[PDB]
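A.B. asks: got a structure for you, letters missing:
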């Protein structure tokens, strides 16, 4: 291994520092979607949570992931921001 | 090539050939009888026999065209449920291969377009005419088609699990849960979703999926 | 290479779909829900009384045939009804009785005054069926309102010497009896019509009057059938022997043959000068008139002068 | 009836558009309409005076038959094409680029002076582009007049234009919502000082900006250029307004038409991940990889915006499956000296699983050849391949005695390939072969090799034997960038193969081969191509041994040099006198034998050599007479092939009188025509070649028929 060519497996939705800073508590779901774009992954079970995961795997270079979890209430108003810059 | 005998003789010959099982000559006789006498006492019976012969003769596109023509021309014919069932059969037949069937190849990974069309047609027949004599076979075929379509989604999710595309795996399994919750393929796919959640280090979602799996261990 | 009689009535495929695993719902653990189902692939819960697999007849249902007359015909469960041209007064019953006797079908009960009768067991012969069926029927003639119609009721069916209850066979054989009676009546009617047509000889006068397309046509003052039948002989007289023809399409083709001046005055009312290539002809249907259209081998239509030469008489040849 | 140019198919489709179709009713009021429409069509082509008149004949049971009598005239021919107002260029130069031709040179018999409205509109567009690409920036077509002689066979064309002045680009100013890629956009809007304005350059710049934005997920940007003209100094300043828009994400990737191929077989070739931001370059790469696979006749892509979503799309790849396989089969003997049969099964996509499975063999009274090969192109997700091969060849002569040239061979081979780039891929493997020769007819080359191996067989009697077990390490490298998989129209493929006997084998040697095939399109439609193909090969012993004579290279045939008998080019055998093991009544014995002379008389039996080099230049042209619907199922070409095989170890000092087979100068050549057809039994190749250059002993064969891909 380490010699077989592997393409880049980009997964998730693109996140930038400015974009992540553009969202603050009390934001409506539509405003968050406008600022960051429609998430590619939500919580299908009994919770109104949005997952903005940003994966990049260049291939034999290590995988880097930033995951932003946005928890809304029933009304659709943003209630909690949880930004994880890197994997553990 | 079809003689111009009176209509009764042509219909009798076509019926005799259909009974004998020679699909091609019966098809020729019925086509002659239909394109010579377009609107007569034989129109409906000849169209139904043409649909049946096209199906048995493996002329599936012609069978579909004839079925569409009959449905649009006679939307309220008493024997309309039979035409819907035949359309379902034709679409299900387009989703089969003999060479691969001989070798025992599971074709659930191939194009599911025709399976989807057959499912739509059979669902239409079952909902519209619950008391028809083709409803039980239609229901059995619907169950089989649902299982096959779920297996197709399972195949895609499994491939993306192999590739390392975790978001794609999660989305595919979520779509399976929303569309085919009660199939075996969804039960098989549930651990794939848990693994995809684990790899992305979202442990809460993985725990939720693990709880779902445990509650439905079987 | 090897086949069996039963491949005719079964579906093209296999019974694999009958072994598909059943669908079981998923239990939602406490404290959370499962994703909301789309409902696009929801299977309604129906009854499993009908046949499945190879035991289901996909043979098209037998629709009653309105052969004798174009009036309404309809089947409902176990009885078929067929209206007839007007009501034929009281002659419909004797006509149906005579057509019934044509097939030497036995009758046990008779209600000629009430227009009702019953038939003894009748044997059927179908290559489709592995085992031949049989059953009893009841035929009556009653007025449905402004017209007189014939109704048939299938008492029962029997195959392999055992009773049957499937609606498919019942409908099939009720329609079989109705179609047999109707085909007999229609055969009598069309024989009478053919005799009348043969008796009614038509004149063979020809004309060159054109139509909405603007071309002249070798019109003949007669119905389509007789003029079409006599046109091959007339074309043979002029040497344009027919090689291909289509009664239901009207199109026909001829071939050149050299005829001298004496031959042209013998029959054919002289030479139009068409002396090259394969020509084609078309006929019309006007119950007293009939247009004959000619086209050149190049694909064009003959001018009025070209065909006026034949129009001189063009009558003895027919 | 009567139509000589317009086919019945196009007419019939024109009928259905107007509602005239078999089984439907006859709308009399539309008759005039249809007629006029057809006449209009005939006028568009330039066939004025044509008439199309409909006749309705009444058929019984209230039916009609519609006959459309076509009477076409003589097509009008362009007498002149005049441009008025061209002072900078000349009419001849401007119309030389036109599709419509005012005149045709006597040598050119493939074009005519026929007229067509669509061609005229395209011609006006071409003229406008010609004048706008030279920096005029003000060219305007004031009017266009199409005249016609009173006899309606002399159509005339005239174009009144105004050139204006020649402008120069002062500078491109790009502004708008550039989405942070301004720096990479300024490099696409770089202009040389004082360069003349150019419309095509501006269009290319807009397309480049759109493509650059698309590579980052901005699938739907809007780029519009509004040049501001300044006549005071005749300078134009471009103003490119750019709005990137929203960044798009792929939601699902769907495959349609793969009724046989597995879904994973198509998905594994995708560079665009499903749940990730869109990249148009990645989608194009996936499409190109699918095309290069060769499993599908056609491949198309469709990016469909998800309804009710401003950020998500669905990429749909629509494929048309192709017959990937050959079934070569034949019988040679029938009833002469027993029975024989052959097999040729070869599948590149076995049951849609992606496996390459090929089994072929020949059973005769003297031969029992069998060969099986199975390779999985994706033994690992990344594309690591794992192949395997078994073969068993036998030669016994069906005599079960001596003096029969018994030759029994059998071996195994395992290969492992893996990519290193998007196009390059290496291969490493291990092979084992066992060869047992016996009762060999003495010859100079074979005896020389045997002496190199340390054996000392008698030169007179045929009694002899030789057993060798060889273990080889095989290596290879393939660079593949072909446009397609079966009928390439662009790109090059290079395949290098080689083997070396690892210590411990009976005989030590090395061998290497190098193929090459380059397709260069000259036509923009990729219908006329130039194919440069070559093949090279060299082998030799390592120690004091020599390369085995059964590993020699052979040339000449339907795969190397068309026009020569298979494996006929190269050195010819030279037989020593036998003086024993001779069958007087057989009469099949060679010159050097007891029945014949007692010298080293040279024969005509090709033995091959340890060095080979063949080249070939081909011109691919469209099939002269074939419907365009089956254009990609048949290929016609004109080829010129060259080839030579020589034995570097041939000792010219000895055997001076006999030909020197170590000279690579003797180059055979051939020229002819070849036709390839993708029949149900795979590719069938017919070729007629004349070998205008040949040497003594070369058996010519002008007409050749072959089954399966030649190369």
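C.D. replies: Arrived safely. Residues are numbered from 1 along each chain as shown, chains lettered A, B, ... in the order given.
A.B. asks: In contact with the residue of chain B found nearest chain D, which residues?
C.D. replies: Closest contact between chain B and chain D, by Cβ to the nearest Cβ, is at residue B:167 (3.4 Å). Just so you know, the C-beta spots here come from the backbone N, C-alpha and C atoms, and that holds for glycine as well. Residue B:167 sits next to A:11, A:12, A:40, A:41, A:53, A:55, B:196, B:200, D:274, D:275, D:276 when contact means Cβ atoms under 8 Å, 6 or more residues apart in numbering or on different chains.
A.B. asks: Find the nearest non-adjacent residue to it, please.
C.D. replies: Using Cβ to Cβ, 6 or more residues apart in numbering or on different chains and skipping residues adjacent in sequence, the residue nearest residue B:167 is residue D:275, 3.4 Å away.
A.B. asks: same question, residue C:210
C.D. replies: Per Cβ to Cβ, 6+ apart, closest to residue C:210 is residue C:216, 4.9 Å.
A.B. asks: helices or strands up against the longest helix seen in chain B?
C.D. replies: Taking DSSP state H as the criterion, chain B has its longest helix at helix B:135-163. Secondary-structure packing of helix B:135-163 (3 or more Cβ pairs under 8 Å, 6 or more residues apart in numbering or on different chains; DSSP states H and E): helix B:81-94, helix B:113-128, helix B:166-179, helix B:184-199, helix D:263-267.
A.B. asks: picking up where we left off before, neighbours of the residue nearest to residue B:167, how many?
C.D. replies: Neighbourhood size, residue D:275 [other Cβ atoms under 10 Å in any protein chain shown]: 26.
A.B. asks: My guess is it contacts residue A:39. True?
C.D. replies: No: Residue D:275 is beyond contact range of residue A:39, at 10.7 Å (criterion: Cβ atoms under 8 Å).
A.B. asks: Now the residue nearest to residue B:127 when sequence neighbours are not counted: which helix or strand?
C.D. replies: Nearest residue to residue B:127, sequence neighbours excluded (Cβ to Cβ, 6+ apart): residue C:44, at 5.8 Å. Using DSSP states H and E, residue C:44 sits within no helix or strand.
A.B. asks: Tell me which helix or strand the most centrally placed residue in chain A sits in.
C.D. replies: Residue closest to the average C-alpha location in chain A (Cα atoms, centre = their mean): residue A:52, at 1.5 Å. In this assignment (DSSP H and E), residue A:52 forms part of strand A:49-56.
A.B. asks: Repeat that for residue A:47.
C.D. replies: Using DSSP H and E, no helix or strand contains residue A:47.
A.B. asks: same thing with residue D:320?
C.D. replies: Judged by DSSP H and E, residue D:320 forms part of strand D:312-321.
A.B. asks: Now do that strand: distance to the chain's middle.
C.D. replies: Its chain's average C-alpha position is 24 Å from that of strand D:312-321, according to Cα atoms, centre = their mean, to the nearest Å.
A.B. asks: Pull the distance from the helix or strand just after that strand to the chain's centre.
C.D. replies: Next in sequence after strand D:312-321, counting helices and strands by DSSP H and E, comes strand D:325-327. Mean-position distance between strand D:325-327 and its chain equals 18 Å (Cα atoms, centre = their mean).
A.B. asks: list the helices and strands the helix or strand just after strand D:325-327 packs on?
C.D. replies: Reading on from strand D:325-327 to the C-terminus, the next helix or strand found by DSSP H and E is strand D:341-347. Judged by 3+ Cβ pairs under 8 Å, 6+ apart, strand D:341-347 is in contact with strand D:325-327, strand D:356-363.
A.B. asks: could you pull out the strands for chain A?
C.D. replies: Under the criterion DSSP state E, chain A contains strands at A:11-12, A:49-56, A:64-72, A:78-84.
A.B. asks: Show me what counts as buried in the longest helix of chain B.
C.D. replies: Buried residues in helix B:135-163, defined by neighbour count with 16 or more other Cβ atoms under 10 Å in any protein chain shown: B:135-161, B:163.
A.B. asks: neighbours around the nearest residue to residue D:127 once chain neighbours are set aside, how many?
C.D. replies: Excluding the flanking residues, the one nearest residue D:127 by Cβ to Cβ, 6+ apart is residue D:94, at 6.2 Å. If you count neighbours by other Cβ under 10 Å, residue D:94 ends up with 19.
A.B. asks: So residue D:94 lies in a strand, does it not?
C.D. replies: No: going by DSSP: H, G, I helix; E, B strand; the rest coil, the assignment for residue D:94 is helix, not a strand.
A.B. asks: wait, it sits on residue D:83?
C.D. replies: Yes: if you go by Cβ under 8 Å, residue D:94 and residue D:83 touch, sitting 5.7 Å apart.
A.B. asks: Pick out the residue of the stretch 1-150 of chain C closest to chain D.
C.D. replies: For the stretch 1-150 of chain C, Cβ to the nearest Cβ, closest residue to chain D: residue C:70, 11.9 Å.
A.B. asks: Where does that residue sit: helix, strand or coil?
C.D. replies: Going by three-state DSSP: residue C:70 is coil.
A.B. asks: From residue C:315, how far off is the residue lying closest to residue C:219 once chain neighbours are set aside?
C.D. replies: Spatial nearest neighbour of residue C:219, excluding adjacent residues (Cβ to Cβ, 6+ apart): residue C:207 at 4.4 Å. Distance, residue C:207 to residue C:315, by Cβ to Cβ, to the nearest Å: 11 Å.
A.B. asks: Share the number of residues neighbouring residue B:46, please.
C.D. replies: 25.
A.B. asks: would it count as being in a helix?
C.D. replies: Yes: the assignment for residue B:46 by three-state DSSP puts it in a helix.
A.B. asks: Residue B:76 versus that one, what's the distance?
C.D. replies: 19 Å.
A.B. asks: swap in residue D:294?
C.D. replies: Distance of residue D:294 to residue B:76, given as Cβ to Cβ: 51 Å.
A.B. asks: Tell me, how many residues neighbour residue A:30?
C.D. replies: 9.
A.B. asks: Number of residues surrounding the nearest residue to it once chain neighbours are set aside?
C.D. replies: Nearest residue to residue A:30 in three dimensions, chain neighbours excluded: residue A:76, at 7.9 Å (Cβ to Cβ, 6+ apart). Around residue A:76 there are 13 other residues, counting by other Cβ under 10 Å.
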